[PDB]
Amino acid sequence: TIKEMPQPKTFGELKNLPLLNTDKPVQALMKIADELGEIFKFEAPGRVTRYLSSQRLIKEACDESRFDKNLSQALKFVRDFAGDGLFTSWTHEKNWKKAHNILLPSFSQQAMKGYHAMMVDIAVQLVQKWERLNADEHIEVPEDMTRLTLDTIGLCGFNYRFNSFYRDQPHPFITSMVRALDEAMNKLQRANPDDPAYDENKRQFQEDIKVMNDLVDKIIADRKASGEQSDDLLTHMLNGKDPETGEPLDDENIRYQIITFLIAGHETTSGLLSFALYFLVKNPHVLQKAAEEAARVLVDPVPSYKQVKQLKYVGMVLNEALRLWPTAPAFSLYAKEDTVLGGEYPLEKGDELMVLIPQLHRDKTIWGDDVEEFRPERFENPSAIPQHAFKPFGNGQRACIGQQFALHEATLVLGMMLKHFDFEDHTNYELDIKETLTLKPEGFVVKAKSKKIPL
Ligand code: HEM
């Protein structure tokens with residue numbers, strides 16, 4: 001039948017906006033979902049969206065004939081620096097399909113064969129950092145995973161070394177990028193965005209956007225002048241042509257793609273590695289099984305591509321970490337035409353839906369009643385997973401283009417971590433999830449004990 005959907009508390013002309021005036025808005029939405037169910041209405045002044053938490057409704061939302069990717073307010077704000085790169089373009093914008101057609105083969109699993117040596121280069125730097133800590137010291141887990149993922153995308157992205165393991169003070173590029181992201185998210189909570197108060201905020205924003213462009217613009221410009229060819233995405237974008245239009249990407253869009261690769265993949269992949277290690281130390285039997293596979297499979301000083309492919313249980317560990325805490329926890333859709341969702345909720349052309357992925361992944365009609373448990377063996381048989389039940393990489397043609405890159409990196413790095421060290425949760429760490437663009441376990445720290453295996 002036609003059902004009216006619930007809606008959390010409203011505050012006059014501010015509507016539900018005050019409910020996200022928190023440092024952890026996604027986690028606050030998960031609680032509201034718990035309280036209200038599989039769908040609820042959320043309004044802000046001038047805006048409406050419907051938050052979806054059940055596989056039954058989300059599978060319909062994932063029907064591309066009915067729904068397409070929406071640029072949420074958050075993505076509209078990130079667009080001020082990511083431009084018409086793949087992540088912040090409408091599906092119907094010409095530069096979305098051109099960039100997509102040109103870059104997709106460069107992100108295939110086969111393409112990872114090509115990036116593997118550079119990924120191994122930064123992974124080795126991580127392991128050697130940890131090999132060199134003094135016995136009284138400890139590891140700052142999300143910080144080190146972020147040094148790793150940023151450096152890996154820079155090196156495979158455009159043959160540039162950020163050298164994050166050589167410095168605590170971030171590259172000025174990284175400083176401005178992180179700061180631009182913080183401002184874009186902070187903007188979502190402002191009722192009066194134009195108060196003079198936010199005036200220096202706007203100021204720093206344009207300075208940050210200039211730091212980013214001038215580095216990336218200069219890198220592209222130098223590469224074109226030198227004519228060098230490398231095993232990186234930038235070479236691909238300068239030589240590639242869209243078979244459909246027959247056109248290449250221009251230099252401005254290439255810059256937006258490179259800025260996009262840095263933002264969109266660095267924080268998500270580091271958060272995945274951080275959550276994976278969290279769950280492993282909280283579940284010592286799972287850690288043991290993973291480390292035994294790593295020891296069995298990674299028989300060389302240097303892992304090969306083929307060996308990484310053999311880390312099946314490590315892969316399951318990662319997918320289960322993605323199930324419980326998908327680090328890009330939500331994506332937005334719009335109805336292409338009038339349609340009725342689940343036989344109960346009529347939608348008009350243009351209406352926005354938000355997929356709350358952590359809630360989806362806790363649907364007990366799909367995963368059983370132990371959904372809060374960390375159990376990698378859930379992924380032992382992939383075919384047992386219903387379509388649209390597991391979506392940490394989004395949906396359809398607008399799904400993550402970096403998925404193979406992220407999982408190859410994370411599988412390699414976690415495999416090497418487990419090969420070379422035993423880990424201690426020395427502080428009995430209490431999970432604290434910080435929210436930016438993405439999710440990550442803030443203050444997560446461990447001590448490692450080297451297994452004394454050389455590289
Ligand atoms: C574990 C890590 C990652 C997670 C969970 C993840 C998640 C996602 C999700 C949820 C989407 C869809 C967003 C939407 O519908 O609005 C997406 C988009 C995208 N991701 Fe990732 N991402 C990850 C790693 C990467 C990496 C490593 C890169 C790049 C090197 C990357 C580049 C992109 C791009 C370019 C898009 C847009 C695709 C398009 O619309 O054409 N991501 N990602």
Side-chain angles (χ1 to χ4, degrees), residues 38-39 49-72 74-76 78-79 82 84-111 242-245 257 260-261 263-265 268-269 272 319 322-323 326-342 345 347 349-361 363 366 379 382-408 437-438:
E38 76 185 330
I39 184 171
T49 184
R50 297 135 200 95
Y51 280 88
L52 264 34
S53 299
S54 69
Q55 194 270 352
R56 168 200 157 231
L57 292 190
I58 288 165
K59 64 182 193 194
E60 283 184 53
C62 286
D63 174 351
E64 291 182 300
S65 74
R66 298 179 65 205
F67 301 93
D68 176 32
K69 163 159 172 152
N70 185 56
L71 307 183
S72 60
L75 289 184
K76 283 169 178 184
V78 167
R79 180 149 177 154
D84 56 354
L86 288 170
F87 188 64
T88 46
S89 292
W90 296 104
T91 297
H92 27 315
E93 269 179 274
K94 184 181 176 189
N95 275 153
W96 181 83
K97 184 72 179 178
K98 263 164 77 169
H100 169 263
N101 288 349
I102 292 166
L103 284 162
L104 194 67
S106 280
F107 278 104
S108 68
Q109 177 74 40
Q110 285 302 121
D242 167 28
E244 285 170 31
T245 64
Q257 303 302 347
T260 293
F261 295 154
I263 54 204
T268 43
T269 305
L272 170 55
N319 278 138
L322 288 175
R323 191 180 62 81
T327 48
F331 55 95
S332 187
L333 307 153
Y334 71 98
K336 294 155 70 48
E337 309 280 353
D338 289 13
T339 198
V340 169
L341 187 73
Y345 308 100
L347 303 177
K349 177 209 259 154
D351 287 345
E352 173 179 5
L353 305 183
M354 271 278 298
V355 174
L356 200 61
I357 309 175
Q359 283 308 102
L360 170 67
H361 287 353
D363 192 335
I366 294 305
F379 287 98
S383 304
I385 313 299
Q387 190 199 34
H388 301 136
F390 186 58
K391 297 212 76 80
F393 293 107
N395 185 246
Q397 64 193 326
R398 295 315 290 284
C400 179
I401 202 175
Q403 177 178 159
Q404 288 63 48
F405 192 101
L407 295 175
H408 193 76
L437 205 88
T438 52

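Here, residue 1 is the first one in the sequence, and each next residue gets the next number. Keep in mind that the numbers below use all heavy atoms, side chains included, and drop hydrogens, waters and symmetry copies.
Evaluated for a salt bridge (charged side-chain N to carboxylate O under 4.0 Å, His left out) with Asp351, the options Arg50, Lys336, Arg66 yield exactly one hit, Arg50.
At least one side-chain heavy atom of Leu347 sits under 4.5 Å from a side-chain heavy atom of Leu353. Using a 4.5 Å heavy-atom cutoff, the side chains of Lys391 and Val355 are not in contact. When side chains are defined from C-beta on, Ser53 does not count as touching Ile39, because their heavy atoms never get closer than 4.5 Å. Two residues are said to be in side-chain contact when any heavy atoms from C-beta on lie closer than 4.5 Å; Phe87 and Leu75 meet this criterion. You'll find the side chain of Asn395 reaches within 4.5 Å of the side chain of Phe331, heavy atoms only. In this structure, the side chains of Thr339 and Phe67 come closer than 4.5 Å at one or more pairs of heavy atoms. Proximity of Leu407 to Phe393: side-chain heavy atoms (C-beta onward) are separated by under 4.5 Å at one or more points. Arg323 places none of its side-chain heavy atoms less than 4.5 Å from the side chain of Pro392.
Not a single donor-acceptor pair under 3.5 Å links the side chain of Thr88 to the backbone N or O of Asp84. Of the possible polar contacts, none joining the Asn101 side chain to the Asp242 backbone as a donor-acceptor pair under 3.5 Å is found. A distance-only check finds a donor-acceptor pair linking the side chain of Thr268 to the backbone of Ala264 [under 3.5 Å]. The closest donor-acceptor contact from the side chain of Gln387 to the backbone of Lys59 lies at 3.5 Å or more, if one exists at all.
Between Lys97 and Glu244, the closest heavy-atom pair is CE-OE2, 3.4 Å. Summarising the geometry of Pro329 relative to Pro358, their closest heavy-atom pair is O-CD, 3.2 Å, with the distance given to 0.1 Å. Contact detail for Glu38 and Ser54: the closest heavy-atom pair is OE1-OG, 2.7 Å. For the residue pair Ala389 and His361, the shortest heavy atom distance occurs at O-ND1, 3.5 Å. When all heavy atoms of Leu341 and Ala61 are compared, the closest pair comes out as CD1-N, 4.3 Å. Heavy atoms only, all atoms of each residue included: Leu71 and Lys76 are closest at O-CE, 3.2 Å.
A perpendicular orientation is assigned to the rings of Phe107 and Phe261, their planes being inclined by more than 60° (bins at 30° and 60°). Taking the six-membered ring for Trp and thresholds of 30 and 60 degrees, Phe390 and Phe379 have ring planes inclined between 30 and 60 degrees apart.
Atom OG1 of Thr327 and atom CG of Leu322 lie 6.0 Å apart (nearest 0.5 Å). Atoms CZ and CG, on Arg398 and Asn70 in that order, are 10.0 Å from each other to the nearest 0.5 Å. Taking SG of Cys62 as the start and NE2 of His388 as the end, the distance is 4.5 Å to the nearest 0.5 Å.
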Can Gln109 and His408 be said to form a side chain to side chain contact (heavy atoms under 4.5 Å, CB included), step by step? CA-CA 8 Å; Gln109 177 74 40; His408 193 76; 4.1 Å; yes
Verdict with supporting geometry, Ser108 and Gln404, side chain to side chain contact (heavy atoms under 4.5 Å, CB included): CA-CA 6 Å; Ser108 68; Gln404 288 63 48; over 6 Å; no
Applying side chain to side chain contact (heavy atoms under 4.5 Å, CB included) to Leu333 and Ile58, what does each step give before you reach the verdict? CA-CA 10 Å; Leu333 307 153; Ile58 288 165; over 6 Å; no
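There is a side-chain donor-acceptor pair under 3.5 Å between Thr91 and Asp68. In this structure, a donor-acceptor pair under 3.5 Å is present between the side chains of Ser65 and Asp63.
Remark: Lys69 does not engage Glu93 in a salt bridge, criterion side-chain N to carboxylate O under 4.0 Å.
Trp96 and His92 have their aromatic ring centers separated by at least 6.0 angstrom.
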